[PDB]
Amino acid sequence: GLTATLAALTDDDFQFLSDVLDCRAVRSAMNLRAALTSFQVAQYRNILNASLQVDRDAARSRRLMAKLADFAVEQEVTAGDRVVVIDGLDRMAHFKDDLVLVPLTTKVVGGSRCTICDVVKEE
């Protein structure tokens, strides 16, 4: 889609967002262990959050709209889930204790890379 979509994303694209907001961890590849800033995090939040409103399905937007409200919220990660990086992730990387994150899905929205990785135990 990229240009063909611009801002009016379809159920296919929004499906990717539903998974992102569903993720347990939300950080940036350039600095996964360190956040950016209060305005920075909110900035990226406005990007996707803006996609919801402009969306065609006002009902569906409500569901994700609330899921985004907790963007980058303090929660315990676990295997099977996924970590959404605001920058991306092409290679596998550790997250904590012994859990490693492997590249699962990379999508660019509003000119911002968004990679998701499955949380698997390094063994």
# chains A, B, ... in the order shown; residues from 1 in each chain; ligands from 1
>>> residues_around(residues="residue 49 (chain A)", least_positions_apart="3", cutoff="10 Å", atoms="only C-alpha atoms", output="ChimeraX atom specification")
/A:17,42-46,52-54,61,64-69,71
>>> select_by_dssp(residues="chain A", states="strand (DSSP E or B)", output="VMD selection string")
chain A and resid 25 to 28 31 82 to 85 93 to 96 99 to 108 113 to 121
>>> select_by_dssp(residues="chain A", states="alpha helix (DSSP H)", output="PyMOL selection string")
chain A and resi 11-22+38-54+58-68
>>> write_last_selection(atoms="C-alpha atoms", output="PDB file, in the first residue's frame")
ATOM      1  CA  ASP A  11      -8.079  -4.330   7.849  1.00  0.00           C
ATOM      2  CA  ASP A  12      -4.832  -5.990   6.758  1.00  0.00           C
ATOM      3  CA  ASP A  13      -2.666  -3.132   8.027  1.00  0.00           C
ATOM      4  CA  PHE A  14      -4.720  -2.492  11.164  1.00  0.00           C
ATOM      5  CA  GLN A  15      -4.343  -6.196  11.923  1.00  0.00           C
ATOM      6  CA  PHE A  16      -0.638  -5.559  12.277  1.00  0.00           C
ATOM      7  CA  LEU A  17      -1.297  -2.696  14.686  1.00  0.00           C
ATOM      8  CA  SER A  18      -3.646  -4.808  16.799  1.00  0.00           C
ATOM      9  CA  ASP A  19      -0.682  -7.127  17.317  1.00  0.00           C
ATOM     10  CA  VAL A  20       1.712  -4.273  18.081  1.00  0.00           C
ATOM     11  CA  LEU A  21      -0.541  -2.785  20.748  1.00  0.00           C
ATOM     12  CA  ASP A  22      -0.994  -6.359  21.950  1.00  0.00           C
ATOM     13  CA  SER A  38       8.129  11.887  27.102  1.00  0.00           C
ATOM     14  CA  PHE A  39       7.416  13.759  23.870  1.00  0.00           C
ATOM     15  CA  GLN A  40       9.225  11.146  21.778  1.00  0.00           C
ATOM     16  CA  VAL A  41       7.149   8.185  22.956  1.00  0.00           C
ATOM     17  CA  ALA A  42       3.986  10.264  22.624  1.00  0.00           C
ATOM     18  CA  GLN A  43       5.062  11.316  19.131  1.00  0.00           C
ATOM     19  CA  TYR A  44       5.159   7.749  17.820  1.00  0.00           C
ATOM     20  CA  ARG A  45       1.918   7.119  19.701  1.00  0.00           C
ATOM     21  CA  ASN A  46       0.231   9.924  17.767  1.00  0.00           C
ATOM     22  CA  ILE A  47       1.371   8.355  14.495  1.00  0.00           C
ATOM     23  CA  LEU A  48      -0.561   5.105  14.907  1.00  0.00           C
ATOM     24  CA  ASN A  49      -3.242   6.749  17.048  1.00  0.00           C
ATOM     25  CA  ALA A  50      -3.900   9.106  14.133  1.00  0.00           C
ATOM     26  CA  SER A  51      -4.287   6.148  11.781  1.00  0.00           C
ATOM     27  CA  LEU A  52      -7.189   4.876  13.890  1.00  0.00           C
ATOM     28  CA  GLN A  53      -9.360   8.002  13.646  1.00  0.00           C
ATOM     29  CA  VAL A  54      -8.800   8.509   9.919  1.00  0.00           C
ATOM     30  CA  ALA A  58     -15.002   3.888  13.637  1.00  0.00           C
ATOM     31  CA  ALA A  59     -16.082   0.865  15.677  1.00  0.00           C
ATOM     32  CA  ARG A  60     -12.833  -1.051  15.202  1.00  0.00           C
ATOM     33  CA  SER A  61     -10.759   2.074  15.853  1.00  0.00           C
ATOM     34  CA  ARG A  62     -12.297   2.205  19.332  1.00  0.00           C
ATOM     35  CA  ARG A  63     -10.883  -1.219  20.201  1.00  0.00           C
ATOM     36  CA  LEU A  64      -7.326  -0.389  19.124  1.00  0.00           C
ATOM     37  CA  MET A  65      -7.733   3.224  20.260  1.00  0.00           C
ATOM     38  CA  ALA A  66      -7.867   1.944  23.839  1.00  0.00           C
ATOM     39  CA  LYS A  67      -5.071  -0.554  23.250  1.00  0.00           C
ATOM     40  CA  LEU A  68      -2.859   2.314  22.101  1.00  0.00           C
TER      41      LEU A  68
END
>>> closest_residue(among="A:56, A:121, A:107, A:33", to="residue 84 (chain A)", atoms="only C-alpha atoms")
A:107
>>> residues_around(residues="residue 120 (chain A)", least_positions_apart="3", cutoff="8 Å", atoms="only C-alpha atoms", output="list in words")
residues 79, 80, 99, 100, 101 and 102 of chain A
>>> atom_distance(atom1="CA of residue 23 (chain A)", atom2="CA of residue 89 (chain A)")
14.7 Å
>>> atom_distance(atom1="CA of residue 3 (chain A)", atom2="CA of residue 88 (chain A)")
20.6 Å
>>> closest_residue(among="A:9, A:2, A:83, A:93", to="residue 55 (chain A)", atoms="only C-alpha atoms")
A:9
>>> atom_distance(atom1="CA of residue 27 (chain A)", atom2="CA of residue 72 (chain A)")
7.2 Å
>>> decode(residues="region 81-110 of chain A", atoms="N, CA and C atoms", output="mmCIF file, in the first residue's frame")
data_model
loop_
_atom_site.group_PDB
_atom_site.id
_atom_site.type_symbol
_atom_site.label_atom_id
_atom_site.label_comp_id
_atom_site.auth_asym_id
_atom_site.auth_seq_id
_atom_site.Cartn_x
_atom_site.Cartn_y
_atom_site.Cartn_z
ATOM 1 N N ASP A 81 4.580 -14.276 23.280
ATOM 2 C CA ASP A 81 4.175 -12.905 23.005
ATOM 3 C C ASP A 81 5.115 -12.291 21.970
ATOM 4 N N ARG A 82 5.189 -10.965 21.925
ATOM 5 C CA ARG A 82 6.063 -10.296 20.971
ATOM 6 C C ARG A 82 6.452 -8.905 21.449
ATOM 7 N N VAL A 83 7.643 -8.473 21.052
ATOM 8 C CA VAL A 83 8.143 -7.156 21.412
ATOM 9 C C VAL A 83 8.177 -6.260 20.180
ATOM 10 N N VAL A 84 7.407 -5.181 20.215
ATOM 11 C CA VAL A 84 7.353 -4.259 19.090
ATOM 12 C C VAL A 84 8.360 -3.130 19.254
ATOM 13 N N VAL A 85 9.302 -3.055 18.321
ATOM 14 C CA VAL A 85 10.332 -2.027 18.357
ATOM 15 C C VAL A 85 9.973 -0.861 17.438
ATOM 16 N N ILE A 86 10.054 0.356 17.968
ATOM 17 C CA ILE A 86 9.724 1.551 17.198
ATOM 18 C C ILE A 86 10.739 1.815 16.086
ATOM 19 N N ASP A 87 11.894 1.160 16.159
ATOM 20 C CA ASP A 87 12.927 1.332 15.145
ATOM 21 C C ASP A 87 12.972 0.117 14.225
ATOM 22 N N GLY A 88 12.917 -1.068 14.821
ATOM 23 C CA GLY A 88 12.932 -2.295 14.047
ATOM 24 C C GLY A 88 13.859 -3.340 14.636
ATOM 25 N N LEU A 89 14.068 -4.427 13.898
ATOM 26 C CA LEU A 89 14.949 -5.503 14.344
ATOM 27 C C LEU A 89 15.042 -6.596 13.282
ATOM 28 N N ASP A 90 16.180 -6.657 12.598
ATOM 29 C CA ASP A 90 16.387 -7.652 11.549
ATOM 30 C C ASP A 90 17.103 -8.889 12.086
ATOM 31 N N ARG A 91 17.841 -8.723 13.178
ATOM 32 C CA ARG A 91 18.574 -9.834 13.775
ATOM 33 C C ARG A 91 18.051 -10.152 15.172
ATOM 34 N N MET A 92 18.282 -11.384 15.614
ATOM 35 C CA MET A 92 17.841 -11.821 16.934
ATOM 36 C C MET A 92 18.592 -11.070 18.027
ATOM 37 N N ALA A 93 17.895 -10.751 19.114
ATOM 38 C CA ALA A 93 18.511 -10.030 20.222
ATOM 39 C C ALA A 93 17.885 -10.413 21.559
ATOM 40 N N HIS A 94 18.724 -10.504 22.588
ATOM 41 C CA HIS A 94 18.262 -10.858 23.927
ATOM 42 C C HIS A 94 17.417 -9.743 24.525
ATOM 43 N N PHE A 95 16.510 -10.113 25.422
ATOM 44 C CA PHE A 95 15.633 -9.142 26.061
ATOM 45 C C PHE A 95 15.810 -9.133 27.578
ATOM 46 N N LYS A 96 16.039 -10.307 28.168
ATOM 47 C CA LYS A 96 16.212 -10.400 29.619
ATOM 48 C C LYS A 96 16.434 -11.842 30.062
ATOM 49 N N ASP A 97 16.992 -12.009 31.264
ATOM 50 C CA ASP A 97 17.260 -13.336 31.826
ATOM 51 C C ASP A 97 17.882 -14.264 30.781
ATOM 52 N N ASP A 98 17.039 -14.929 29.994
ATOM 53 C CA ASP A 98 17.514 -15.829 28.951
ATOM 54 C C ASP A 98 16.544 -15.865 27.773
ATOM 55 N N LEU A 99 15.676 -14.859 27.684
ATOM 56 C CA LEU A 99 14.708 -14.781 26.599
ATOM 57 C C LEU A 99 15.271 -13.971 25.441
ATOM 58 N N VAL A 100 15.241 -14.553 24.250
ATOM 59 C CA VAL A 100 15.757 -13.888 23.062
ATOM 60 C C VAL A 100 14.629 -13.498 22.110
ATOM 61 N N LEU A 101 14.779 -12.339 21.478
ATOM 62 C CA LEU A 101 13.784 -11.841 20.538
ATOM 63 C C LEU A 101 14.224 -12.100 19.101
ATOM 64 N N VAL A 102 13.379 -12.787 18.340
ATOM 65 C CA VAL A 102 13.686 -13.098 16.948
ATOM 66 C C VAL A 102 12.770 -12.324 15.999
ATOM 67 N N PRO A 103 13.327 -11.766 14.907
ATOM 68 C CA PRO A 103 12.554 -11.004 13.923
ATOM 69 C C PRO A 103 11.288 -11.741 13.496
ATOM 70 N N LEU A 104 10.143 -11.082 13.650
ATOM 71 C CA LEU A 104 8.868 -11.688 13.291
ATOM 72 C C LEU A 104 8.163 -10.903 12.183
ATOM 73 N N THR A 105 8.013 -9.591 12.367
ATOM 74 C CA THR A 105 7.347 -8.766 11.361
ATOM 75 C C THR A 105 7.811 -7.316 11.409
ATOM 76 N N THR A 106 8.208 -6.799 10.249
ATOM 77 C CA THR A 106 8.670 -5.421 10.134
ATOM 78 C C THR A 106 7.760 -4.620 9.208
ATOM 79 N N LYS A 107 7.202 -3.533 9.728
ATOM 80 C CA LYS A 107 6.312 -2.681 8.946
ATOM 81 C C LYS A 107 6.622 -1.205 9.181
ATOM 82 N N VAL A 108 6.599 -0.424 8.107
ATOM 83 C CA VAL A 108 6.875 1.004 8.197
ATOM 84 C C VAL A 108 5.593 1.820 8.064
ATOM 85 N N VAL A 109 5.262 2.566 9.113
ATOM 86 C CA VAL A 109 4.061 3.390 9.115
ATOM 87 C C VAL A 109 4.405 4.858 9.340
ATOM 88 N N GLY A 110 3.906 5.719 8.459
ATOM 89 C CA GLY A 110 4.174 7.140 8.579
ATOM 90 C C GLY A 110 5.656 7.457 8.534
#
